[PDB]
Amino acid sequence: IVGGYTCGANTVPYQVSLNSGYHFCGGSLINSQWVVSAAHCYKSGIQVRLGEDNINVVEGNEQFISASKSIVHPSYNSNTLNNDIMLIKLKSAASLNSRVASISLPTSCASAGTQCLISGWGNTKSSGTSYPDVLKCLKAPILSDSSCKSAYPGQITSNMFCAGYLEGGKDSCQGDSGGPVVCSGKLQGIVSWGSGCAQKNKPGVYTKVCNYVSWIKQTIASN
Ligand SMILES: [Ca+2]
């Protein structure tokens with residue numbers, strides 16, 4: 001997260017870190033046994049870390065649970081990042097408490113101009129490189145589809161939306177991939193892609209979760 005703020009320990013209780021010997025992507029806990037992330041975050045050998053603030057210090061509220069199965073969306077296209085969404089099933093259920101909690105799926109899609117909360121342990125510089133140890137947060141608005149399409153002509157599908165600031169300075173970044181965009185208490189986006197981070201006229205591009213709720217519910221009901 002570039003241009004954000006320190007969240008506060010366990011104030012984003014649905015945020016997970018995906019770990020394959022190191023933190024590599026975020027995700028969101030949607031019930032006691034399932035996490036949503038980005039398909040471009042796929043790797044073998046995932047451990048899900050819940051209740052994290054400082055990813056480099058064991059502080060006492062963490063739960064570390066290995067993935068039993070990963071399921072990348074059937075229509076994921078790694079070239080275009082269309083359908084950039086994956087489910088991860090935990091080997092055992094998480095214990096839900098004030099520090100570890102699930103986020104609701106949307107029933108309706110979110111509106112342009114809504115201010116959303118984006119969070120992660122990704123790079124904090126626009127260029128140059130500096131990764132935080134504690135969770136960072138950013139408030140950012142949903143942009144109109146026409147502004148999104150103007151910023152990335154020929155690249156935006158109906159399964160993407162843009163959020164952030166056309167002047168630059170505030171954005172998600174590498175390492176935040178797979179993490180949540182929460183608007184009005186619902187998971188509306190997944191950190192997916194962008195040209196750089198926090199560059200002028202190059203806002204963040206997010207997977208549109210509300211187009212996937214049927215697939216998520218059917219997959220969880222069968223696995
Ligand atoms: Ca920790």
Side-chain angles (χ1 to χ4, degrees), residues 1-70 85-104 116-126 128-140 170-182 185-187 189-192 197-198 204 206-207 209:
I1 302 291
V2 177
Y5 62 101
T6 298
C7 304
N10 312 115
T11 65
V12 190
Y14 50 84
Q15 170 83 49
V16 318
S17 172
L18 304 184
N19 184 288
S20 62
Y22 47 92
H23 170 84
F24 70 87
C25 272
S28 303
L29 188 71
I30 58 161
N31 69 25
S32 68
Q33 297 179 281
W34 291 92
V35 165
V36 173
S37 186
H40 84 261
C41 292
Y42 166 80
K43 71 180 73 208
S44 61
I46 297 176
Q47 186 187 60
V48 175
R49 299 187 168 207
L50 304 96
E52 283 283 20
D53 191 46
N54 193 319
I55 52 168
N56 276 314
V57 180
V58 176
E59 298 177 287
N61 296 302
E62 299 94 341
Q63 299 174 45
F64 297 174
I65 304 172
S66 287
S68 57
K69 177 181 287 184
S70 295
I85 184 172
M86 169 189 70
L87 288 160
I88 301 162
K89 190 181 186 196
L90 298 182
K91 281 191 204 251
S92 63
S95 297
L96 306 177
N97 58 220
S98 60
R99 270 95 158 49
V100 179
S102 62
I103 186 69
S104 295
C116 304
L117 181 69
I118 308 176
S119 47
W121 293 273
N123 192 354
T124 66
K125 288 185 180 318
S126 338
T129 294
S130 181
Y131 285 84
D133 297 314
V134 299
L135 185 65
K136 297 298 183 162
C137 276
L138 176 68
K139 299 204 163 173
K170 295 181 184 87
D171 195 8
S172 58
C173 203
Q174 273 80 200
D176 296 318
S177 292
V181 182
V182 169
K186 305 304 188 192
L187 184 68
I190 299 162
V191 175
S192 187
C197 313
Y206 297 91
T207 311
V209 173

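All values below were derived from every heavy atom in this structure, side-chain atoms included, with hydrogens, water molecules and symmetry-related copies excluded. All residue numbers refer to positions in the sequence shown, counting from 1. Indexing begins at 1, ligand by ligand and atom by atom, following the structure's order.
Side-chain atoms of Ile30 and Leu87, non-hydrogen and from C-beta on, do get closer than 4.5 Å to each other. Between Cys197 and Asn123, the closest side-chain pair of non-hydrogen atoms is not below 4.5 Å.
The angle that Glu62 OE2 and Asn54 O make at the Ca ion (ligand 1), rounded to 10°, works out to 160°. Between the O atom of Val57 and the OE1 atom of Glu52, the angle taken at the Ca ion (ligand 1) works out to 160° after rounding to 10°.
Between the side chain of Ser177 and the main chain of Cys25, no donor-acceptor pair closer than 3.5 Å is present.
Of the N and O atoms on the side chains of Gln15 and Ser119, at least one donor lies less than 3.5 Å from an acceptor on the other residue.
At a threshold of 3.0 Å, the Ca ion (ligand 1) has no backbone or side-chain N, O or S atom of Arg49 nearer than that distance.
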